[PDB]
């Protein structure tokens, strides 16, 4: 309840279902808002930690969904 279940950074609370950090939060939010398809240049299992979370987006996105981060809870843009 104190760590980001995706990259191991300090959590700021539950976001879209799972305890995560501000970096992983905005990442998911930025993807579904714009509907972004990601390709992994590796074997679809790149490690995701605090230091190399931005190495492979694809696996960082998949790691969010395997941890239960809901696409549905991402509201639409405002104003």
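Residue numbers count along the first chain shown, from 1.
Note on 22-30 vs 35-43: mean CA B-factor is higher in 35-43. Sort the chain's modelled residues by C-alpha temperature factor and residue 71 lands in the lowest third, per the entry. Residue-level temperature factors show residue 63 in the middle third of its chain, judged at the C-alpha atom.
Remark: residue 14 belongs to the lowest third of its chain, ranked by C-alpha B-factor as recorded.
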